[PDB]
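Next up is one chain by itself, shown in structure tokens, the form deposited in one PDB entry.
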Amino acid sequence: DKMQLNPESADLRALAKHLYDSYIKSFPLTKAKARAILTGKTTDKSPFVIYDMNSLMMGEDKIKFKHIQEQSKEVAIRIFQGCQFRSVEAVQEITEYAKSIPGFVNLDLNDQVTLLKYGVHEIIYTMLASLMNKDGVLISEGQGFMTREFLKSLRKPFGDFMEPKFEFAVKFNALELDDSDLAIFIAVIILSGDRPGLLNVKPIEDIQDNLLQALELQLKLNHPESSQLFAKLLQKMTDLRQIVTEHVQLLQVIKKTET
């Protein structure tokens, strides 16, 4: 038929394996290790759960997103300053992963910055779904857990801040992807040839076509029940750009009235 064990198909399985190994060393908290925490399938001393204001104030008497602090006594902004803090940390983790993509470092150095400039947001929201469920999201490298309703119980600008990510994560986690699917999918997002300001679009697309081939074979082998999952995963790349747009539109309110 179509799928066969040719030398070309093995090279796509070797690329998937290579990207998976760099996916483990670059990103400390993987999905499989995060799902075991959420479903209690592990024995990691049962991390803390922040579900209201009393659990937040009491839970902060243990090392948390207050790393460096005495900034922003208000809890609505202090939580938001923690998300942007680890987001910067996620930029360095994604960039270290991008270096392991075959051909990424061989591109123009300015294009490498451009691909990561407009790509980190979509990957931060993709990998955040691995830390989420219907109840909340793992925080502080799995040592905490902030509920979805407590985040929504914040003020008007900050209450709807995490909710679009939860609504994406519910439908995205329903696809039941593992780390082997996400590693290639993340590499496809980086090698996007439609980023603004790209100098050499052709060699970026030549790598993405190679990543798409590896992602196609991956989802066919790993997911026999979900036909057209490769098609569904590409449409999710359009869900992500709306989360980025809603996040930018949320930052407009901060400049307007937040003094």
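The term rigid core refers to the most C-alpha atoms you can superpose between the two forms while keeping them within 1.5 Å. Residue positions are given as counts along the sequence shown, with the first one as 1.
Colleague: Looking at the other compared entries that model residues on both sides of it, is residue 69 unmodelled in at least a third of them?
Modeller: Across the compared entries, residue 69 is left out in at least a third.
Colleague: In the deposited sequence, how many residues between residue 68 and residue 69 have no modelled coordinates (none, 1 to 3, 4 to 9, 10 or more)?
Modeller: Unresolved stretch here: 1 to 3 residues.
Colleague: Mean Cα B factor from the PDB record: higher for 195 to 203, or higher for 210 to 218?
Modeller: Of 210 to 218 and 195 to 203, the stretch with the higher C-alpha B-factor average is 195 to 203.
Colleague: So, looking at the entry's B-factor column for Cα atoms, which has the higher mean, 128 to 136 or 88 to 96?
Modeller: Per the PDB record, 88 to 96.
Colleague: Checking the entry, which one of 182, 188, 123, 77 has the top C-alpha B factor?
Modeller: In this record, 77 carries the highest C-alpha B-factor of the candidates.
Colleague: Could you say whether, by C-alpha temperature factor, residue 31 belongs to the lowest, middle or highest third of its chain?
Modeller: CA B-factor rank for residue 31: middle third.
Colleague: Can you tell me whether residue 10 has a C-alpha B-factor in the lowest, middle or highest third compared with the other modelled residues of the same chain?
Modeller: For residue 10, the deposited C-alpha B-factor lands in the lowest third.
Colleague: How does the C-alpha B factor of residue 55 compare with the rest of the chain: lowest, middle or highest third?
Modeller: Its C-alpha B-factor, which the entry lists for residue 55, ranks in the lowest third among residues of this chain.
Colleague: Taking only the Cα B-factors deposited for this chain, tell me whether residue 25 sits in the lowest, middle or highest third.
Modeller: As the PDB entry reports it, the C-alpha B-factor of residue 25 lands in the middle third of its chain.
Colleague: C-alpha B factor of residue 104, ranked within the chain: lowest, middle or highest third?
Modeller: Tercile = middle for this residue's CA B-factor.
Keep in mind that the form deposited in another entry is missing from the display, and what follows is about it.
Colleague: With the core superposed, a Cα shift of 2 Å or more between the shown form and the other one singles out one residue among 175, 83, 170, 116. Which one is it?
Modeller: So the only displaced C-alpha belongs to 83.
Colleague: Superpose on the rigid core, then tell me if the C-alpha of residue 100 is displaced by 2 angstroms or more between the shown form and the other one.
Modeller: Comparing forms between the shown form and the other one, the residue 100 CA shifts below 2 Å.
Colleague: C-alpha of residue 203: shift of 2 angstroms or more between the shown form and the other one, rigid core aligned?
Modeller: After core superposition, the C-alpha of residue 203 moves less than 2 Å between the shown form and the other one.
Colleague: For residue 193, does the CA position differ by 2 Å or more between the shown form and the other one when the superposition is done on the rigid core?
Modeller: The answer is no; the displacement is under 2 Å.
Colleague: If the C-alpha spacing of residue 82 and residue 38 moves by 3 Å or more in the other form, is that a move closer or farther apart?
Modeller: Compared with this form, residue 82 and residue 38 lie farther apart in the other form.
Colleague: Where do residue 82 and residue 133 end up in the other form, Cα atoms closer or farther than shown, with a change of 3 Å or more?
Modeller: Distance between the C-alphas of residue 82 and residue 133: longer in the other form, by 3 Å or more.
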